[PDB]
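As stored in entry34.txt (compact mmCIF, C-alpha atoms and all ligand atoms):
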# COMPACT_ATOMS: atom_id res chain seq x y z
CA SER Y 1 86.31 14.93 -2.32
CA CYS Y 2 86.84 17.08 -5.52
CA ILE Y 3 89.34 20.02 -5.78
CA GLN Y 4 88.14 23.28 -7.38
CA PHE Y 5 89.75 25.76 -9.82
CA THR Y 6 88.53 29.19 -8.58
CA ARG Y 7 89.01 30.99 -11.95
CA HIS Y 8 87.44 28.25 -14.16
CA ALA Y 9 83.90 29.74 -14.54
CA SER Y 10 85.29 33.26 -15.27
CA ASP Y 11 87.78 31.80 -17.86
CA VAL Y 12 84.96 29.78 -19.52
CA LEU Y 13 82.79 32.95 -19.80
CA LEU Y 14 85.76 34.97 -21.13
CA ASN Y 15 86.30 32.34 -23.88
CA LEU Y 16 82.56 32.27 -24.73
CA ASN Y 17 82.73 36.10 -25.09
CA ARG Y 18 85.79 35.71 -27.40
CA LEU Y 19 83.78 33.23 -29.52
CA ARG Y 20 80.91 35.79 -29.63
CA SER Y 21 83.21 38.72 -30.71
CA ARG Y 22 84.64 36.51 -33.53
CA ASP Y 23 81.11 35.24 -34.45
CA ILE Y 24 82.16 31.57 -33.83
CA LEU Y 25 79.41 28.92 -33.31
CA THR Y 26 76.72 31.67 -32.84
CA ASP Y 27 73.40 29.99 -33.64
CA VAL Y 28 70.78 32.76 -33.26
CA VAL Y 29 70.10 36.40 -34.26
CA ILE Y 30 68.11 38.51 -31.80
CA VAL Y 31 66.25 41.29 -33.61
CA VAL Y 32 65.53 44.46 -31.56
CA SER Y 33 63.83 47.12 -33.74
CA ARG Y 34 66.23 47.63 -36.72
CA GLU Y 35 69.23 46.15 -34.78
CA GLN Y 36 70.51 42.54 -34.96
CA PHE Y 37 72.57 40.74 -32.28
CA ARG Y 38 74.29 37.40 -32.84
CA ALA Y 39 74.64 35.09 -29.82
CA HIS Y 40 74.80 31.52 -28.51
CA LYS Y 41 71.39 30.11 -27.50
CA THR Y 42 72.95 28.29 -24.46
CA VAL Y 43 74.45 31.50 -23.03
CA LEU Y 44 71.17 33.40 -23.55
CA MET Y 45 69.26 30.57 -21.72
CA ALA Y 46 71.81 30.45 -18.88
CA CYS Y 47 71.31 34.23 -18.26
CA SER Y 48 67.66 34.90 -19.04
CA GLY Y 49 64.36 33.38 -17.90
CA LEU Y 50 62.81 34.59 -21.18
CA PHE Y 51 65.42 32.89 -23.45
CA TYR Y 52 65.32 29.79 -21.22
CA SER Y 53 61.54 29.51 -21.92
CA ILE Y 54 61.96 30.28 -25.68
CA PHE Y 55 64.70 27.76 -26.41
CA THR Y 56 63.16 24.88 -24.31
CA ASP Y 57 60.03 25.20 -26.49
CA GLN Y 58 59.99 22.27 -28.99
CA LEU Y 59 59.14 24.67 -31.91
CA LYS Y 60 61.09 27.84 -30.97
CA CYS Y 61 64.29 25.85 -30.03
CA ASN Y 62 64.83 25.46 -33.85
CA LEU Y 63 64.49 29.14 -34.85
CA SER Y 64 67.61 30.98 -36.10
CA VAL Y 65 65.89 34.41 -35.69
CA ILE Y 66 64.06 35.74 -32.58
CA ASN Y 67 62.22 39.08 -32.70
CA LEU Y 68 61.82 40.94 -29.41
CA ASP Y 69 58.81 43.10 -28.41
CA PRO Y 70 58.97 46.50 -30.32
CA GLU Y 71 59.04 48.41 -26.96
CA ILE Y 72 62.54 46.93 -26.26
CA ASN Y 73 65.34 49.47 -26.73
CA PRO Y 74 68.39 48.14 -28.75
CA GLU Y 75 70.90 49.91 -26.43
CA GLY Y 76 69.32 48.38 -23.30
CA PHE Y 77 69.54 44.96 -24.99
CA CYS Y 78 73.18 45.51 -26.06
CA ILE Y 79 74.17 46.44 -22.43
CA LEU Y 80 72.42 43.29 -21.15
CA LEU Y 81 73.96 41.00 -23.82
CA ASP Y 82 77.41 42.38 -22.85
CA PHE Y 83 76.59 41.64 -19.15
CA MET Y 84 75.56 38.05 -20.05
CA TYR Y 85 78.99 37.36 -21.59
CA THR Y 86 81.15 39.37 -19.13
CA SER Y 87 79.39 39.77 -15.67
CA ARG Y 88 79.92 43.57 -16.21
CA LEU Y 89 76.93 45.92 -16.33
CA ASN Y 90 77.32 49.38 -17.97
CA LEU Y 91 74.68 51.04 -15.78
CA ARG Y 92 74.43 54.85 -16.25
CA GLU Y 93 71.92 57.61 -15.35
CA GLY Y 94 70.89 57.93 -19.03
CA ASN Y 95 70.31 54.19 -19.62
CA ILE Y 96 69.11 52.81 -16.21
CA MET Y 97 65.37 53.01 -17.07
CA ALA Y 98 65.88 51.20 -20.44
CA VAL Y 99 68.23 48.61 -18.80
CA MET Y 100 65.72 47.85 -15.95
CA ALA Y 101 62.77 47.54 -18.41
CA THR Y 102 64.81 45.25 -20.72
CA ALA Y 103 66.02 43.13 -17.71
CA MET Y 104 62.40 42.74 -16.46
CA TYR Y 105 61.33 41.56 -19.98
CA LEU Y 106 64.36 39.23 -20.28
CA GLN Y 107 63.74 37.96 -16.69
CA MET Y 108 67.27 38.71 -15.38
CA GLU Y 109 66.37 39.04 -11.70
CA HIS Y 110 69.82 40.12 -10.34
CA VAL Y 111 70.04 43.03 -12.89
CA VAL Y 112 66.43 44.09 -12.01
CA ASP Y 113 67.45 44.10 -8.28
CA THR Y 114 70.52 46.38 -8.77
CA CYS Y 115 68.53 48.78 -11.06
CA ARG Y 116 65.78 49.08 -8.38
CA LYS Y 117 68.51 49.77 -5.74
CA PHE Y 118 70.32 52.40 -7.90
CA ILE Y 119 66.98 54.15 -8.79
CA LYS Y 120 65.92 54.22 -5.07
CA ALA Y 121 69.29 55.88 -4.08
CA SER Y 122 68.66 58.81 -6.52
CA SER R 1 82.69 52.50 -15.19
CA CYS R 2 80.75 49.12 -15.17
CA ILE R 3 79.55 47.32 -11.97
CA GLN R 4 80.17 43.56 -11.68
CA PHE R 5 78.05 40.63 -10.39
CA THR R 6 80.60 38.36 -8.61
CA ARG R 7 78.50 35.15 -8.92
CA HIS R 8 77.47 35.62 -12.60
CA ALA R 9 80.11 33.34 -14.26
CA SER R 10 79.53 30.54 -11.69
CA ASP R 11 75.70 30.81 -12.15
CA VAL R 12 76.11 30.72 -15.98
CA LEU R 13 78.27 27.54 -15.72
CA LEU R 14 75.79 25.96 -13.26
CA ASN R 15 72.93 26.57 -15.76
CA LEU R 16 75.01 25.19 -18.67
CA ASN R 17 75.62 22.04 -16.55
CA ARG R 18 71.84 21.79 -15.89
CA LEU R 19 71.25 22.00 -19.67
CA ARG R 20 73.86 19.22 -20.14
CA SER R 21 72.26 16.90 -17.48
CA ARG R 22 68.83 17.36 -19.19
CA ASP R 23 70.42 16.93 -22.69
CA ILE R 24 69.15 20.41 -23.80
CA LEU R 25 70.77 22.08 -26.87
CA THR R 26 73.68 19.53 -26.83
CA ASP R 27 75.10 19.54 -30.36
CA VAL R 28 77.91 16.94 -30.30
CA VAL R 29 78.65 13.36 -29.16
CA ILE R 30 82.22 12.62 -28.04
CA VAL R 31 83.05 8.94 -28.56
CA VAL R 32 85.71 7.47 -26.22
CA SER R 33 86.16 3.71 -26.87
CA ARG R 34 82.63 2.21 -26.47
CA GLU R 35 81.40 5.24 -24.39
CA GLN R 36 79.46 8.27 -25.71
CA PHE R 37 79.30 11.73 -24.07
CA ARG R 38 76.86 14.45 -25.14
CA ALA R 39 78.01 18.07 -24.76
CA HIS R 40 77.86 21.64 -26.05
CA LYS R 41 80.59 22.46 -28.61
CA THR R 42 81.01 26.01 -27.14
CA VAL R 43 81.70 24.71 -23.61
CA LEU R 44 84.17 22.11 -24.93
CA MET R 45 86.01 24.87 -26.91
CA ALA R 46 86.04 27.25 -23.91
CA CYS R 47 87.75 24.53 -21.77
CA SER R 48 90.01 22.64 -24.17
CA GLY R 49 92.71 23.64 -26.64
CA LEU R 50 91.96 20.42 -28.58
CA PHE R 51 88.19 21.11 -28.96
CA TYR R 52 88.94 24.78 -29.70
CA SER R 53 91.10 23.64 -32.69
CA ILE R 54 88.52 20.99 -33.81
CA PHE R 55 85.46 23.22 -33.82
CA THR R 56 87.21 26.28 -35.46
CA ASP R 57 88.08 23.99 -38.38
CA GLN R 58 85.72 24.83 -41.32
CA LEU R 59 85.02 21.07 -41.93
CA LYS R 60 85.05 19.64 -38.37
CA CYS R 61 82.89 22.53 -36.95
CA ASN R 62 79.91 20.79 -38.69
CA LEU R 63 80.42 17.26 -37.30
CA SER R 64 77.85 15.89 -34.79
CA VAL R 65 80.21 13.02 -33.76
CA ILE R 66 83.89 13.31 -32.68
CA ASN R 67 85.96 10.16 -32.03
CA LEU R 68 88.88 10.51 -29.62
CA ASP R 69 92.21 8.63 -29.87
CA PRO R 70 91.70 4.93 -28.74
CA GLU R 71 94.34 5.39 -25.96
CA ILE R 72 91.94 7.82 -24.17
CA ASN R 73 90.29 6.29 -21.11
CA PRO R 74 86.46 6.94 -20.85
CA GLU R 75 86.64 7.52 -17.05
CA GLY R 76 89.44 10.11 -17.44
CA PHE R 77 87.31 11.86 -20.08
CA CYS R 78 84.16 11.73 -17.90
CA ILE R 79 86.07 13.34 -14.93
CA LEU R 80 87.36 16.09 -17.26
CA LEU R 81 83.93 16.73 -18.88
CA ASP R 82 82.47 17.09 -15.34
CA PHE R 83 85.29 19.57 -14.49
CA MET R 84 84.52 21.60 -17.66
CA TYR R 85 80.90 22.12 -16.57
CA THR R 86 81.49 22.51 -12.79
CA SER R 87 85.11 23.74 -12.02
CA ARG R 88 85.34 20.60 -9.76
CA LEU R 89 87.98 17.94 -10.43
CA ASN R 90 87.50 14.40 -8.99
CA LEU R 91 91.24 13.71 -8.71
CA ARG R 92 92.07 10.41 -6.92
CA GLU R 93 95.14 8.13 -6.54
CA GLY R 94 93.54 5.51 -8.83
CA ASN R 95 92.62 7.94 -11.65
CA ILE R 96 95.36 10.67 -11.56
CA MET R 97 97.50 9.07 -14.32
CA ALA R 98 94.47 8.68 -16.68
CA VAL R 99 93.22 12.23 -15.81
CA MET R 100 96.69 13.83 -16.51
CA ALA R 101 97.09 11.91 -19.82
CA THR R 102 93.54 12.89 -20.93
CA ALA R 103 94.12 16.57 -19.87
CA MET R 104 97.42 16.68 -21.86
CA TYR R 105 95.57 15.31 -24.96
CA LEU R 106 92.63 17.71 -24.46
CA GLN R 107 95.10 20.61 -23.84
CA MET R 108 93.65 21.67 -20.44
CA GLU R 109 96.79 23.30 -19.04
CA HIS R 110 95.50 24.10 -15.50
CA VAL R 111 94.40 20.43 -14.93
CA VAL R 112 97.82 19.20 -16.26
CA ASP R 113 99.55 21.59 -13.76
CA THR R 114 97.62 20.30 -10.68
CA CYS R 115 98.13 16.62 -11.73
CA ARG R 116 101.92 17.23 -12.05
CA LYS R 117 101.89 18.89 -8.57
CA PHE R 118 99.85 16.06 -6.93
CA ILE R 119 102.09 13.35 -8.55
CA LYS R 120 105.30 15.15 -7.39
CA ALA R 121 103.97 15.29 -3.74
CA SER R 122 103.56 11.44 -3.67
CA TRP H 1 92.99 25.19 -6.76
CA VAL H 2 91.03 25.01 -3.43
CA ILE H 3 89.07 22.57 -1.25
CA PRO H 4 85.46 23.70 -2.08
CA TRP K 1 77.62 43.65 -7.09
CA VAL K 2 81.15 45.21 -6.85
CA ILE K 3 83.36 47.86 -8.47
CA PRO K 4 85.67 45.59 -10.60
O1 LIG E 1 66.95 35.67 -13.47
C1 LIG E 1 67.01 34.63 -14.11
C2 LIG E 1 68.21 34.01 -14.84
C3 LIG E 1 67.66 32.71 -15.36
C4 LIG E 1 68.28 31.68 -16.05
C5 LIG E 1 67.48 30.53 -16.39
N1 LIG E 1 68.11 29.41 -17.07
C6 LIG E 1 68.16 28.14 -16.58
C7 LIG E 1 67.56 27.75 -15.35
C8 LIG E 1 67.67 26.43 -15.00
CL1 LIG E 1 66.94 25.97 -13.52
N2 LIG E 1 68.30 25.44 -15.71
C9 LIG E 1 68.90 25.81 -16.88
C10 LIG E 1 68.86 27.12 -17.33
CL2 LIG E 1 69.66 27.53 -18.75
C11 LIG E 1 66.11 30.45 -16.04
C12 LIG E 1 65.49 31.50 -15.33
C13 LIG E 1 66.28 32.61 -15.00
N3 LIG E 1 65.90 33.75 -14.26
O1 LIG E 2 94.36 25.05 -21.47
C1 LIG E 2 93.64 25.51 -22.34
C2 LIG E 2 92.14 25.88 -22.26
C3 LIG E 2 91.87 26.46 -23.63
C4 LIG E 2 90.71 27.02 -24.14
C5 LIG E 2 90.76 27.52 -25.49
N1 LIG E 2 89.59 28.15 -26.06
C6 LIG E 2 89.55 29.44 -26.51
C7 LIG E 2 90.69 30.30 -26.53
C8 LIG E 2 90.51 31.56 -27.05
CL1 LIG E 2 91.88 32.58 -27.06
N2 LIG E 2 89.34 32.08 -27.54
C9 LIG E 2 88.24 31.27 -27.51
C10 LIG E 2 88.31 29.98 -27.01
CL2 LIG E 2 86.91 29.05 -26.94
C11 LIG E 2 91.95 27.43 -26.27
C12 LIG E 2 93.12 26.87 -25.73
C13 LIG E 2 93.06 26.39 -24.41
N3 LIG E 2 94.10 25.83 -23.64
CL CL E 3 70.78 38.55 -13.77
CL CL E 4 92.17 23.60 -17.44

Represent the structure of the file as structure tokens.
Ligand SMILES: O=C1Cc2cc(Nc3cc(Cl)ncc3Cl)ccc2N1
Ligand SMILES: O=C1Cc2cc(Nc3cc(Cl)ncc3Cl)ccc2N1
Ligand SMILES: [Cl-]
Ligand SMILES: [Cl-]
Amino acid sequence: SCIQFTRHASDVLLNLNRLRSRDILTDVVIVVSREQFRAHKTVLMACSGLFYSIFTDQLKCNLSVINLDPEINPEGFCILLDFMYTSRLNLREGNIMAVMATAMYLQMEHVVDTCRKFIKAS
Amino acid sequence: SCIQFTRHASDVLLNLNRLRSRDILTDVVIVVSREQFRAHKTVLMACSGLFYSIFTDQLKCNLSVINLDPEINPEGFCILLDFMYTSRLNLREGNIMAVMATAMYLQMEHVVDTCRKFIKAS
Amino acid sequence: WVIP
Amino acid sequence: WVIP
């Protein structure tokens, strides 16, 4: 018999993104080639099957630095990290291949699905 | 020119609640009278003006235990913590006064607004 | 607020 | 997915 506040989840994610932009309570650095991205482990886990597996591991859960596979493109990662914190995906002709490959590696099934649909259309 | 995934914020919050139920990556205990509640500092901050102020404080940001004012009712807190992680508020005749008082203390303005509306109706 |  |  609960009541529900429709905008609550969106408002929570918006505030988590504000904490990320101000570097507040970030507890991990994701290294992609030369590039470094600060984030919250919980948000990464909530969005990615790969980070979920990494941070539930009794040894890796305690790491402050995570290095991604050298094939991962920093721009593709940046676009996906922005999507994690906003629900908005900056999908363009020039980045779609790098975004799909990064989403497959990160295990972000809904992003993989839209990339496959957008590629098929063209 | 981004695209948006409508269910992303809800799915993120659902996964954060799953991490909470399994006690994964929880980094704070909230003490309310004899009762203890484990949570994620980021989620508490995203939902509450009080926790936002506490965890942006250079000294308090590092505490693993936070004790609430002794006037705070553990059930009112439990109902509000559930709302933070689900968007669902278990508002009932027998708990509405304790929920409103706890929401005013936690600075959760949208919960305070619905409690004031439900009280006015009766 | 809604009835979910 | 939608156009926001
Ligand atoms: O495409 C995806 C997105 C995703 C997210 C998560 N994260 C969780 C899943 C569960 Cl059941 N509880 C808690 C968490 Cl944080 C796992 C796999 C995948 N795959
Ligand atoms: O009723 C409310 C809910 C709430 C949430 C937060 N938390 C934030 C606010 C901003 Cl601007 N950036 C980041 C965060 Cl985590 C502050 C005050 C209140 N009042
Ligand atoms: Cl996804
Ligand atoms: Cl609220």

Counting all atoms listed in the file, which residues in chain Y sit no more than 9 Å from chain R? For each one, give the nearest pair of atoms and the distance in Å, sorted by chain then residue number, as a tab-separated table.
residue	atom	partner	partner_atom	distance
Y:1	CA	R:90	CA	6.8
Y:2	CA	R:90	CA	4.4
Y:3	CA	R:89	CA	5.3
Y:4	CA	R:88	CA	4.5
Y:5	CA	R:87	CA	5.5
Y:6	CA	R:87	CA	7.3
Y:7	CA	R:87	CA	8.2
Y:8	CA	R:87	CA	5.5
Y:9	CA	R:9	CA	5.2
Y:10	CA	R:9	CA	5.3
Y:11	CA	R:46	CA	7.8
Y:12	CA	R:46	CA	5.2
Y:13	CA	R:9	CA	6.2
Y:14	CA	R:46	CA	8.2
Y:15	CA	R:46	CA	5.1
Y:16	CA	R:46	CA	6.2
Y:19	CA	R:42	CA	8.1
Y:24	CA	R:56	CA	7.5
Y:25	CA	R:42	CA	7.0
Y:40	CA	R:42	CA	8.4
Y:41	CA	R:25	CA	8.1
Y:42	CA	R:16	CA	6.9
Y:43	CA	R:12	CA	7.3
Y:45	CA	R:15	CA	8.1
Y:46	CA	R:15	CA	5.1
Y:47	CA	R:12	CA	6.4
Y:55	CA	R:25	CA	8.3
Y:56	CA	R:24	CA	7.5
Y:61	CA	R:25	CA	8.1
Y:83	CA	R:4	CA	8.5
Y:84	CA	R:8	CA	8.1
Y:85	CA	R:9	CA	8.4
Y:86	CA	R:9	CA	7.8
Y:87	CA	R:8	CA	5.5
Y:88	CA	R:4	CA	4.5
Y:89	CA	R:2	CA	5.1
Y:90	CA	R:2	CA	4.4
Y:91	CA	R:2	CA	6.4
Y:92	CA	R:2	CA	8.6
Y:110	CA	R:5	CA	8.2
Y:111	CA	R:5	CA	8.7

Would you write out chain Y as a short mmCIF file (atom, residue, chain, number, x, y, z; two decimals) with C-alpha atoms, in the frame of the given file, after superposing it on chain R by least squares over all in-order Cα pairs?
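The resulting file, part.cif, is reproduced below:
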data_model
loop_
_atom_site.label_atom_id
_atom_site.label_comp_id
_atom_site.auth_asym_id
_atom_site.auth_seq_id
_atom_site.Cartn_x
_atom_site.Cartn_y
_atom_site.Cartn_z
CA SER Y 1 82.68 52.50 -15.18
CA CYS Y 2 80.75 49.12 -15.17
CA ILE Y 3 79.54 47.32 -11.97
CA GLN Y 4 80.17 43.55 -11.67
CA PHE Y 5 78.05 40.63 -10.39
CA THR Y 6 80.60 38.36 -8.61
CA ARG Y 7 78.50 35.15 -8.92
CA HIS Y 8 77.47 35.62 -12.60
CA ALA Y 9 80.12 33.34 -14.26
CA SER Y 10 79.54 30.53 -11.68
CA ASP Y 11 75.70 30.81 -12.15
CA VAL Y 12 76.10 30.72 -15.98
CA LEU Y 13 78.26 27.54 -15.72
CA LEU Y 14 75.79 25.96 -13.26
CA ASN Y 15 72.93 26.57 -15.76
CA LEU Y 16 75.02 25.19 -18.68
CA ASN Y 17 75.63 22.04 -16.55
CA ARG Y 18 71.84 21.79 -15.89
CA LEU Y 19 71.25 22.00 -19.67
CA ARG Y 20 73.86 19.22 -20.14
CA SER Y 21 72.26 16.90 -17.48
CA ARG Y 22 68.83 17.36 -19.19
CA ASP Y 23 70.41 16.93 -22.69
CA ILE Y 24 69.15 20.41 -23.80
CA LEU Y 25 70.77 22.08 -26.87
CA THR Y 26 73.69 19.53 -26.83
CA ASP Y 27 75.10 19.54 -30.36
CA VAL Y 28 77.91 16.94 -30.31
CA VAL Y 29 78.65 13.35 -29.16
CA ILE Y 30 82.22 12.62 -28.05
CA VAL Y 31 83.05 8.94 -28.56
CA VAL Y 32 85.71 7.47 -26.21
CA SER Y 33 86.16 3.71 -26.87
CA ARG Y 34 82.63 2.21 -26.46
CA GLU Y 35 81.40 5.24 -24.39
CA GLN Y 36 79.46 8.27 -25.71
CA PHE Y 37 79.30 11.73 -24.08
CA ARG Y 38 76.86 14.45 -25.14
CA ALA Y 39 78.01 18.07 -24.75
CA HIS Y 40 77.86 21.64 -26.05
CA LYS Y 41 80.59 22.46 -28.61
CA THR Y 42 81.01 26.01 -27.14
CA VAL Y 43 81.70 24.71 -23.61
CA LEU Y 44 84.17 22.11 -24.93
CA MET Y 45 86.01 24.88 -26.91
CA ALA Y 46 86.03 27.24 -23.92
CA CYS Y 47 87.75 24.53 -21.77
CA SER Y 48 90.00 22.64 -24.17
CA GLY Y 49 92.71 23.64 -26.65
CA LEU Y 50 91.97 20.42 -28.58
CA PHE Y 51 88.19 21.11 -28.95
CA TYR Y 52 88.94 24.78 -29.70
CA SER Y 53 91.10 23.64 -32.69
CA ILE Y 54 88.53 20.99 -33.81
CA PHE Y 55 85.46 23.22 -33.82
CA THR Y 56 87.21 26.28 -35.45
CA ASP Y 57 88.08 23.99 -38.39
CA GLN Y 58 85.73 24.83 -41.32
CA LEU Y 59 85.02 21.07 -41.93
CA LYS Y 60 85.05 19.63 -38.37
CA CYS Y 61 82.89 22.53 -36.95
CA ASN Y 62 79.90 20.78 -38.69
CA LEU Y 63 80.42 17.25 -37.30
CA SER Y 64 77.85 15.89 -34.80
CA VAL Y 65 80.20 13.02 -33.76
CA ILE Y 66 83.88 13.31 -32.68
CA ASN Y 67 85.96 10.17 -32.03
CA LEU Y 68 88.87 10.51 -29.62
CA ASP Y 69 92.21 8.64 -29.87
CA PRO Y 70 91.70 4.93 -28.75
CA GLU Y 71 94.34 5.39 -25.96
CA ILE Y 72 91.94 7.83 -24.17
CA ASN Y 73 90.29 6.29 -21.10
CA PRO Y 74 86.46 6.93 -20.85
CA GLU Y 75 86.64 7.52 -17.05
CA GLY Y 76 89.44 10.11 -17.43
CA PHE Y 77 87.30 11.86 -20.08
CA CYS Y 78 84.15 11.74 -17.90
CA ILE Y 79 86.07 13.35 -14.93
CA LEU Y 80 87.36 16.09 -17.26
CA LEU Y 81 83.93 16.73 -18.87
CA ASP Y 82 82.47 17.09 -15.34
CA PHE Y 83 85.29 19.58 -14.49
CA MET Y 84 84.52 21.60 -17.67
CA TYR Y 85 80.90 22.12 -16.56
CA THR Y 86 81.49 22.51 -12.79
CA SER Y 87 85.11 23.74 -12.02
CA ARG Y 88 85.34 20.60 -9.76
CA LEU Y 89 87.98 17.95 -10.43
CA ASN Y 90 87.50 14.41 -9.00
CA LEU Y 91 91.24 13.70 -8.70
CA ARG Y 92 92.07 10.40 -6.91
CA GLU Y 93 95.14 8.13 -6.54
CA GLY Y 94 93.54 5.51 -8.83
CA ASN Y 95 92.62 7.94 -11.65
CA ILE Y 96 95.36 10.67 -11.56
CA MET Y 97 97.50 9.08 -14.32
CA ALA Y 98 94.47 8.68 -16.67
CA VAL Y 99 93.22 12.23 -15.81
CA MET Y 100 96.69 13.83 -16.50
CA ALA Y 101 97.09 11.91 -19.82
CA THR Y 102 93.54 12.89 -20.93
CA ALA Y 103 94.12 16.57 -19.87
CA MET Y 104 97.42 16.68 -21.86
CA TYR Y 105 95.57 15.31 -24.97
CA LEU Y 106 92.63 17.72 -24.46
CA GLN Y 107 95.11 20.61 -23.84
CA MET Y 108 93.65 21.67 -20.45
CA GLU Y 109 96.79 23.29 -19.05
CA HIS Y 110 95.50 24.10 -15.49
CA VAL Y 111 94.41 20.43 -14.93
CA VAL Y 112 97.82 19.20 -16.26
CA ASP Y 113 99.55 21.59 -13.76
CA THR Y 114 97.62 20.30 -10.68
CA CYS Y 115 98.14 16.62 -11.73
CA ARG Y 116 101.93 17.23 -12.05
CA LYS Y 117 101.89 18.89 -8.57
CA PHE Y 118 99.85 16.06 -6.93
CA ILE Y 119 102.09 13.34 -8.55
CA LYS Y 120 105.30 15.15 -7.39
CA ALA Y 121 103.97 15.28 -3.74
CA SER Y 122 103.56 11.44 -3.67
#

* Have a look at atom CA of residue 98 of chain R and atom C2 of ligand LIG 2 (chain E) and let me know their distance in Å, one decimal. =>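 These two atoms are separated by 18.2 Å.
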
* In Å, rounded to a single decimal, give me how far atom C1 of ligand LIG 2 (chain E) is from atom CA of residue 108 of chain R. =>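 Separation between atom CA of residue 108 of chain R and atom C1 of ligand LIG 2 (chain E): 4.3 Å.
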
* Could you work out how far atom CA of residue 35 of chain R lies from atom CA of residue 118 of chain R, giving the answer in Å with one decimal? ->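 Atom-to-atom, atom CA of residue 118 of chain R and atom CA of residue 35 of chain R are spaced 27.6 Å apart.
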
* To do: Could you check which of Y:54, Y:28, Y:115, Y:80 is closest to chain K, using all atoms listed in the file?
  =>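 Among Y:54, Y:28, Y:115, Y:80, it is Y:115 that comes nearest to chain K.
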
Hey, could you pull the box centre and edge lengths for ligand LIG 1 (chain E), axis-aligned, 8 Å padding per side, all listed atoms, to one decimal in Å, as AutoDock Vina command-line options?
--center_x 67.6 --center_y 30.6 --center_z -16.1 --size_x 20.2 --size_y 26.2 --size_z 21.3
